[PDB]
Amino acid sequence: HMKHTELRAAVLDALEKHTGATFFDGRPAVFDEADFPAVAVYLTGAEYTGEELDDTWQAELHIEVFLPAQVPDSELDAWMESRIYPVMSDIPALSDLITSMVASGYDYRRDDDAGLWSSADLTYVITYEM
């Protein structure tokens, strides 16, 4: 399999072994009533860093949790600090696939199109080889 497929699968699995919710392999664009709670594992900004002649890449690893419609940002944090944060401390699979990992950001996005969901995004900055 391609290295990106392995990446998310390492996280995704660590998520199932653990959390009553529906997961997606990649940022979804739409959901069905039945998808919430939703947790998407995906990558963004994958880029080739090696021009010091290294094959080295870097990317933003995403674990975004979606909740149905309009909820407070604190309900998202609770879900984040109670069903995700923990799982992101022991995921040996992930370790073996990457060369470095570090906390990146923590964003809040919402469906500014059809107000169907509110989300919290936990992202790490990673480095690896294709």
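In case it trips you up, residue 1 is the first one in the sequence shown, and so on.
Undergrad: According to the entry, are there none, 1 to 3, 4 to 9, or 10 or more residues of the deposited sequence without coordinates between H18 and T19?
TA: Count of unmodelled residues in between: 1 to 3.
Undergrad: For the stretch from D73 to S74, please bin the deposited residues that the model skips: none, 1 to 3, 4 to 9, or 10 or more.
TA: Per the record, no deposited residues are absent between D73 and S74.
Undergrad: So 99-107 or 85-93, which one's hotter by mean CA B-factor in the entry?
TA: The deposited B-factors put 85-93 ahead on the C-alpha mean.
Undergrad: So, looking at the entry's B-factor column for Cα atoms, which has the higher mean, 35-43 or 57-65?
TA: The entry gives the higher C-alpha B-factor average to 35-43.
Undergrad: Please place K3 in the lowest, middle or highest third of its chain according to the CA B-factor in the PDB entry.
TA: According to the entry, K3 has a C-alpha B-factor in the chain's middle third.
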